[PDB]
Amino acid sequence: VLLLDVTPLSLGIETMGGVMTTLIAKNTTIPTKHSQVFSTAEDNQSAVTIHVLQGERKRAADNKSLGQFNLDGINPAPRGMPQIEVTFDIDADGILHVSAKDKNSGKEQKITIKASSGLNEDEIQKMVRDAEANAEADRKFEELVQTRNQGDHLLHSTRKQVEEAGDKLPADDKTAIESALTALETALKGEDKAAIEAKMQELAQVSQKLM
């Protein structure tokens, strides 16, 4: 064939820390269907937001928003335990169906996105050029968010481990840990990946007693 229908830009959702995660790559022939399992960002999370995006940027904010919906009623559990199946299905007419289903509860929510939605030809070409001109920066952003999410998860895990230990943790140890948790919390608000990792290292250096 010399011609066929494609979806012109990548399609996906916003994940923890403002990153776009792709479900359907740009230029995929349509009709197409792809599913991916996601989970919760923190412990005891009973609801997730499914924000549908079109574009090639790593920051969710830089892509075209196609719509959003919430999935509620997830049983509060440790982070990473829920299995949230997200499906993107584009039919032959270019109509996009997005669904999210929590495997444990059976709870499901969906949205239908019209084929006329998203970016036009000129905006598509600008999107592609802007992504290539910002490839290094977008990569650094993505690496920064992965570190931030690890740091955020370390902050929560340490805090829970401290309370679970309680009296067994010596005074001098507990104070050094609380001070390093504050230094990590501050570093997480910045955009320097190595500064966050160094604060995670300093926290680990004062946390041997909890281990």
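Start at 1 with the first residue shown and count on from there. C-alpha atoms forming the largest set that superposes within 1.5 Å between two forms make up the rigid core.
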Comparing 178-186 with 52-60, larger root-mean-square C-alpha distance from this form in 9 other deposited structures of this protein, core superposed, belongs to 178-186
Higher Cα RMS in 9 other deposited structures of this protein relative to the shown form (core alignment), 146-154 or 22-30, goes to 146-154
Ranked by mean Cα B-factor in the entry, 141-149 and 170-178, top stretch is 170-178
Quick one: higher average CA temperature factor, 128-136 or 81-89?
128-136
Among the candidates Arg57, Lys33, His156, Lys26, give the one with the maximum CA B-factor reported in the record.
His156
Looking at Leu203, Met20, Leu9, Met16, which one carries the largest C-alpha B-factor according to the PDB entry?
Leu203
By the recorded C-alpha temperature factor, relative to the other modelled residues in its chain, which third is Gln161 in?
highest
Going by what the PDB entry lists, where does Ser39 fall on CA B-factor within its chain: lowest, middle or highest third?
lowest
Of the three thirds of the chain ranked by Cα temperature factor, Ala183 occupies the highest
Among all modelled residues of this chain, ranked by Cα B factor, put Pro76 in the bottom, middle or top third, i.e. lowest, middle or highest.
middle
